[PDB]
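Residue numbers (PDB author numbering), protein chains in the order written: chain C, 221 to 265, 269 to 327, 333 to 453, 459 to 738; chain o, 221 to 265, 269 to 327, 333 to 453, 459 to 738; chain D, 423 to 453, 459 to 633; chain j, 318 to 327, 333 to 422.
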């Protein structure tokens with residue numbers, strides 16, 4: 221009905237046992253995108272690394288692939304201070320209280341106008357969620373947000389398409405059409421995904437041994453008396474670097490080190506030239522943030538990999554060339570215990586065969602793929618960070634955990650595509666075969682509810698001393714952190730990670 | 221209800237066994253035609272060949288008599304690369320989400341206004357579908373189309389009607405009246421129609437014999453030793474043109490040959506004067522495209538019958554005098570194996586009785602009606618081409634397959650007539666017997682869904698070598714074929730036929 | 423199931439081309460004096476965008492042109508061949524791991540021992556000419572697998588300071604990394620169907 | 318088909339008892355139908371007459387002496403065939419359609 225609400229506001233979080241159910245409602249506004257048209261979009265030689276061919280669609284899409292879309296900062300604190308892990312279990316999504324409005333400036337209700345909503349439940353469309361794009365549900369529930377426009381990329385050769393390039397018409401899908409009295413809803417069940425490691429290791433991989441007992445294994449301790462010899466010693470509490478060990482640190486893809494103290498950096502523009510990159514079809518792309526490696530080693534917080542960390546912008550940070558004070562650098566220092574430092578070499582290997590005439594030579598391993606016995610931690614998730622990514626449908630993957638963090642899903646939450654149904658203006662009174670291009674200017678607004686049930690891994694720890702916990706600062710300040718200022722602007726002052734509790738290795 | 225949708229968007233194709241169910245939804249706009257009037261329309265001596276008498280009606284009509292209204296190009300590829308034949312089985316049609324809008333310029337909803345919809349299920353109206361008219365559902369689902377105005381022709385003598393001329397009032401039919409909350413739907417079952425031959429013959433009609441064995445039948449091989462004689466030879470692998478055969482090529486109605494290389498054409502305007510025509514009631518009409526004949530013989534792709542092929546226009550092709558580069562010529566070369574070439578003679582017959590004093594004379598058969606033992610193929614259907622035509626209700630027909638291709642139906646899908654119900658403006662406060670001519674300016678828009686179930690004839694072939702398949706070009710291009718360009722214009726770059734798989738004769 | 427398909431998307435082009443990322447990347451280190464400028468990855472800086480996945484592993488092969496004049500005038504099929512070493516024995520990594528045969532517009536190039544080569548009918552057993560053999564191409568996996576004759580990527584080789592300019596290392600061999608995805612080699616009508624996985628303690632993607 | 322004898326010729335002719343013939347009917351009409359072209363090789367009119375079986379060949383689309391892309395090649399070994407040794411027989415039944 222026109223005069224009856226099609227749904228209620230549901231913003232809440234219920235903690236019950238090993239589950240937390242976050243539900244969040246937001247008010248959205250969907251404009252008409254592209255003037256109801258599908259437009260081919262391209263970029264040519269811009270450098271070759273940035274070329275693309277794709278399509279802009281008249282459809283919007285709903286994104287809730289950030290943790291702050293579901294967790295309030297206090298709820299995030301509850302989660303990270305008390306749980307060793309968490310994972311999504313199921314979600315329910317609702318669209319309701321839809322209002323389609325005609326603008327001629334006067335804005336009027338168009339009671340008979342529709343919106344079209346469908347979920348790509350078969351994953352037949354290019355999945356553009358999981359690319360850390362803007363347009364997600366705002367962290368602050370009172371915030372009204374604009375629905376982002378759906379577009380996708382296909383195969384390109386410069387600015388040109390190839391024969392394998394795919395064009396998708398989203399009208400070629402079954403869509404529910406909704407008038408102002410209608411509502412849309414669907415439920416989704418997450419696949420069995422591993423718990424995110426919401427903990428930092430309280431032991432280092434090279435310090436898993438008893439510090440009081442010698443090893444019964446020997447290591448080559450000396451090769452020279459001086460003349461050649463072979464001296465063997467037992468690894469013990471003092472020669473702990475020489476001890477036989479069962480495991481290796483995770484893989485390494487070395488990144489350039491950048492200091493937040495700019496005077497310590499090289500006086501050159503090396504963000505791209507020295508950037509750590511991968512090469513794909515003659516195109517260079519940053520390995521950003523790349524594989525999960527420790528941001529820095531001990532007492533080197535000022536250093537970060539050049540493109541090896543998630544960088545969030547503070548409120549009102551510039552899109553381009555934001556200063557360091559306008560951005561929020563994350564740090565994966567919690568995984569120092571298992572993952573190699575992002576800006577350091579993995580290790581040292583022999584580069585030759587030493588003889589009595591040739592001294593042994595060593596090679597510095599700046600990139601190390603998977604080795605047996607290697608263990609590693611994934612990148613941390615953040616309150617502002619992504620939740621899930623679609624695992625690409627390929628023959629093979631290795632540890633398909635998304636590199637910007639979160640849960641890798643073969644069948645992620647489906648894309649929810651929404652569009653204002655075009656309403657033609659008055660057509661001519663004589664028939665014209667040409668497609669109509671005169672449309673009533675129109676936009677829709679409504680409420681969107683997303684409810685996610687998360688399973689929790691409770692910490693079962695015998696640690697005696699108190700743990701590190703995320704806490705708000707006790708000292709006075711002009712404004713409350715994670716609140717609005719005097720102008721009503723909600724801001725997130727820092728990126729809250731997830732690893733505060735500790736586990737043994 | 222005003223605020224509730226009366227139907228959902230259903231664009232899809234489901235392939236299940238020997239069936240494919242295409243469903244397509246489009247947004248339409250229906251203006252007020254003729255100012256709600258029936259107008260007599262005529263054309264006099269214009270030449271006598273183009274005279275007509277008929278009526279323009281205030282009604283629109285829904286047309287989905289083109290294959291691209293139902294098949295996406297990829298679906299068409301699936302159909303033609305894998306099936307020897309197909310035919311429609313049933314259809315369901317839906318009108319829903321109707322919005323009637325008042326324009327005064334401001335456009336407002338007229339919630340209490342109606343549209344009138346009825347199907348000519350008894351075929352009591354002149355059937356104007358199956359004349360390859362514009363106004364069908366657009367090939368691209370995102371495209372909003374204008375509903376064509378319904379008009380018809382009756383008997384004429386020049387610009388005058390005769391006593392047998394029929395006038396039809398479409399208001400004299402029962403129509404469903406629909407407000408914004410109403411929807412219209414009907415189902416239709418296709419009669420048992422033959423499968424369209426979605427194949428080309430891999431054998432020629434004159435090459436059906438074993439190429440290793442002689443015939444036991446003899447043919448007159450020589451009449452002269459020189460003196461008269463009678464020499465008879467057995468048809469064999471080398472005298473294959475002389476062999477006794479069981480079948481004849483299909484009928485011929487010879488068309489003038491035109492070269493796409495214009496320099497090879499006669500320097501004259503002969504499109505009409507040399508056009509292949511039929512004569513009906515003193516009126517000349519092109520036999521266009523005429524009976525199904527092969528467009529050209531081997532290695533003569535540049536040649537086409539002057540009015541013997543379907544010619545589709547490229548996107549934005551001019552209505553009049555479009556250049557050859559702006560049109561898409563079809564080719565029926567696949568039926569060379571059974572049908573005579575459209576621009577060649579059917580064969581040679583004797584024109585006299587040879588004697589010792591009169592040499593035998595031969596006549597060139599440029600028009601050949603049905604002969605016993607004759608076999609032929611119908612014209613191919615195209616993605617852009619028509620699907621069905623109504624077989625005229627006559628005492629006799631011969632092979633009632635529509636000449637522009639498709640399925641001949643005695644009871645085709647009924648015409649769906651739609652009209653905005655006239656809404657008078659304020660009448661005078663004193664009675665006037667005259668019909669009201671002051672109407673509220675009004676148009677309607679809505680969604681139309683047509684679902685057609687097609688039965689498939691699966692290819693059961695023992696051919697060893699790979700078949701010819703319709704494929705997109707692998708090489709790079711500025712735009713994807715059968716996609717939108719940078720301006721949002723959907724285009725069909727070529728006419729996709731249907732005959733790619735092969736069968737023996 | 424064997425992947426009887428080619429990807430219509432590239433691994434580095436999985437993002438929405440209309441929306442900026444909310445993540446920032448280090449966009450400039452120099453104003459000139461040192462500085463730290465950060466930009467949001469968007470439709471134009473698509474190479475800089477944060478991404479979830481990496482191309483499959485690489486074991487770089489030497490590039491050979493079917494246009495022989497573009498090749499080095501030497502006999503390098505074995506000397507420059509991409510090989511593995513086992514018990515003091517050198518064997519070609521032939522055809523090696525599944526990598527794209529060539530990048531865009533480089534069909535004439537193939538890895539020296541990185542593709543399946545079938546012989547045409549009556550091709551000589553030894554020293555068959557290029558016209559007597561049928562080169563396969565794994566160009567369909569360009570979207571996910573690195574090109575067989577190109578480097579996997581670039582890594583840092585040192586620690587840059589105000590006195591030492593940053594140095595980069597070219598990764599010509601890259602083992603499995605987390606987040607890496609790849610396609611297997613295509614099968615062919617003339618090609619093998621199955622192989623026995625060797626009975627070993629460990630294998631990676633057998 | 319019955320009383321099949323497969324004979325080896327080396333001139334001496336000997337029985338090859340273990341040799342087979344392959345027989346199949348194109349019951350689905352998937353092969354080019356070369357019967358009905360008034361060819362020689364039919365069963366002789368006189369029952370006492372011993373006849374040679376004609377060789378099967380077929381024609382496909384041609385452009386002069388060249389094939390076209392639509393030309394079909396058929397391998398008759400690509401059909402299920404009954405293999406018959408000297409002790410085996412082959413038989414099938416067929417029903418004519420309603421013909422005038």
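Just so it is clear, CB atoms sit at the ideal spot from N, CA and C, and this is done for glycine as well.
Around residue 568 (chain C), the same chain offers 525, 527, 610 as residues with beta carbons nearer than 7 Å, after the five sequence neighbours per side are excluded.
Taken through DSSP and simplified to helix, strand or coil, residue 570 (chain D) comes out as helix. When only Cα atoms are considered, residue 578 (chain C) and residue 313 (chain C) end up about 41 Å apart. Take the alpha-carbon of residue 451 (chain C) and the one of residue 464 (chain C): they are about 6 Å apart.
Assignment of residue 505 (chain D) by DSSP, reduced to helix, strand and coil, places it in the coil class. According to DSSP, residue pairing for residue 677 (chain C) in a beta bridge involves C:250, C:323. Cβ proximity to chain C below 9 Å picks out nothing from the segment 506 to 524 of chain D. By a beta-carbon distance limit of 8 Å, residue 349 (chain o) does not contact residue 732 (chain o). Their separation comes to about 34 Å.
Per the C-alpha coordinates, the member of C:430, C:248, C:539, C:498 positioned closest to residue 510 (chain C) is C:539. If you draw a straight line from the Cα of residue 559 (chain o) to the Cα of residue 497 (chain D), it is about 43 Å long. Relative to the Cα of residue 282 (chain o), the nearest Cα in the group o:688, o:654, o:582 belongs to o:654. From the listed residues C:728, C:713, C:646, the smallest Cα separation to residue 353 (chain C) is found for C:646. Within the DSSP bridge table, the entry for residue 607 (chain C) names C:481 as partners.
For residue 489 (chain C), the chain D residues whose C-beta falls within less than 7 Å of its own C-beta are 583, 587, 593, listed in chain order. At a cut-off of 7 Å between beta carbons, residue 374 (chain o) contacts chain C. In the structure shown, the three-state DSSP call for residue 286 (chain C) is strand.
Spanning the alpha carbons of residue 598 (chain C) and residue 584 (chain D) requires a straight line of approximately 9 Å. Within the same chain, 722, 723, 724, 725 come within 8 Å of residue 548 (chain o) by CB-CB distance, once the 5 residues on both sides are set aside. Judged by pairs of C-beta atoms under 8 Å, the segment 657 to 670 of chain C does not touch the segment 679 to 686 of chain o, as fewer than three such pairs exist. Residue 542 (chain C) is not bridged by DSSP to any residue.
For the C-beta of residue 473 (chain D), the chain C residues within less than 7 Å are, from N- to C-terminus, 273, 275.
Annotation: residue 596 (chain o) to residue 462 (chain o) spans about 24 Å, alpha carbon to alpha carbon.
Chain D places a beta carbon closer than 7 Å to that of residue 362 (chain C), counting this residue as a contact. Burial check for residue 390 (chain o): the Cβ neighbour count within 10 Å stays below 16, so the residue is exposed.
Using beta-carbon distances, residue 333 (chain C) does not count as an interface residue toward chain o, since no partner is under 7 Å. With respect to residue 395 (chain o), residue 311 (chain o) sits apart: the two C-beta atoms are not nearer than 7 Å. For residue 301 (chain C), no beta strand (DSSP E) run applies; the uninterrupted alpha helix (DSSP H) run containing it begins and ends at 296 to 305, by DSSP. Taking C-beta separations shorter than 8 Å and ignoring five residues to either side along the sequence, the partners of residue 225 (chain C) in its chain run 319, 320, following chain order.
Taking 7 Å as the threshold, the shortest C-beta distance from residue 353 (chain C) to chain D does not fall below it.
Legend: CB atoms of the segment 649 to 660 of chain C lying less than 7 Å from CB atoms of chain D are not found in any residue. Taking a C-beta cut-off of 9 Å against chain C, none of the residues of the segment 527 to 542 of chain o qualify. Closest option to residue 421 (chain o), judged by alpha-carbon separation, among o:369, o:471, o:622: o:622.
Taking all protein chains shown into account, residue 295 (chain C) has 16 or more neighbouring C-beta atoms within 10 Å of its C-beta and is therefore buried. Between the segment 377 to 387 of chain j and the segment 424 to 443 of chain o there are three or more C-beta pairs closer than 8 Å, enough to call the two in contact.
Nearest in C-alpha terms to residue 355 (chain C), of all of C:694, C:553, C:626, is C:626. Here the alpha carbons of residue 375 (chain C) and residue 515 (chain C) stand approximately 34 Å from one another.
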